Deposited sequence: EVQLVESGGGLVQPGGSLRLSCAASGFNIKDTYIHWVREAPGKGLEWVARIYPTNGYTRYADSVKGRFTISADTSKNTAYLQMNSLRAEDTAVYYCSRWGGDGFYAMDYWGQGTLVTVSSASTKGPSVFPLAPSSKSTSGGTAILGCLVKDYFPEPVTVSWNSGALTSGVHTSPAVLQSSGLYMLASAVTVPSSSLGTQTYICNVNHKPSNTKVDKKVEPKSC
């Protein structure tokens, strides 16, 4: 099966540099064009660059010409995007694809920001038939945070909001689950919050 896997994404300072890689499996890149395409928040899909690995010929979007370089190493069946003079507008999920674009990778997230990593505070939303309880995951940077309940044992009815950017430039989200009222004095509910960018794991017990 044809596969494409991107890597190299992460949090970078504006004006900095970062190199993405796209590893190809199940085909040889020498036989195709490889593209980078990106998806910036609310901007839709935007083509970035293309390369023909056999001769190294390249094309670029006007917005990244000069400061981005796409390249390939056929002996590694891998293509690359060297990103320089990074701007806030470059913050996006970066996908690799090949030539219609019949196969894409899952993408790699690039965040261009001068802000420091910060782990979330996690606060309970404590219960007052059915009842709602939850957690509030507040003041972290950058995205993403993952949230589970009872270490993944509780999935049905769990609803976790997209993150909101607060005026402080820090993210917040919340997760809530509906449970039996009769369960409240006896069943333990714990929200498991992971924030990989800051290596923060918090397991918060929510009690009535």
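Participant: Do you know which deposited regions have no coordinates at all?
Facilitator: Unobserved in coordinates, per deposited numbering: 100-105, 135-140, 221-223.
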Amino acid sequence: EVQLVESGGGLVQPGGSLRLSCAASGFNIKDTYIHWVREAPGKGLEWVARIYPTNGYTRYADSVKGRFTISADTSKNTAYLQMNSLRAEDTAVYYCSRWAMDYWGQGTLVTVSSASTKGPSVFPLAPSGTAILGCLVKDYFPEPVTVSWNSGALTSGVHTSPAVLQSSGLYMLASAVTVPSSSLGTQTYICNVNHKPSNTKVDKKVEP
From here on, numbers count along this sequence of modelled residues.
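Participant: If you average the CA temperature factors over each stretch, which comes out higher, 47-55 or 142-150?
Facilitator: Between 47-55 and 142-150, it is 142-150.
Participant: Per the PDB record, is the mean Cα temperature factor higher over 183-191 or over 7-15?
Facilitator: The stretch with the larger mean CA B-factor is 183-191.
Participant: When you compare the CA B-factors of 86, 133, 79, 110 as listed in the entry, which one comes out on top?
Facilitator: Among 86, 133, 79, 110, the PDB entry lists the largest C-alpha B-factor for 133.
Participant: From 128, 74, 91, 116, can you pick the one with the highest C-alpha B factor in the entry?
Facilitator: 128 has the highest C-alpha B-factor of those listed.
Participant: Per the entry's values, where does residue 137 land by CA temperature factor relative to the rest of its chain, in the lowest, middle or highest third?
Facilitator: Middle third.
Participant: Ordered by C-alpha B-factor within the chain, which third holds residue 159? Give me lowest, middle or highest, please.
Facilitator: Its C-alpha B-factor, which the entry lists for residue 159, ranks in the highest third among residues of this chain.
Participant: Ranking the modelled residues of this chain by C-alpha B-factor as given in the entry, is residue 65 in the lowest, middle or highest third?
Facilitator: It belongs to the middle third of the chain when residues are ordered by C-alpha B-factor.
Participant: Using the temperature factors of the C-alpha atoms in this entry, rank residue 95 within its chain: lowest, middle or highest third.
Facilitator: For residue 95, the deposited C-alpha B-factor lands in the lowest third.
Participant: Select lowest, middle or highest to describe the third in which the CA B-factor of residue 37 falls within its chain in this entry.
Facilitator: It belongs to the lowest third of the chain when residues are ordered by C-alpha B-factor.
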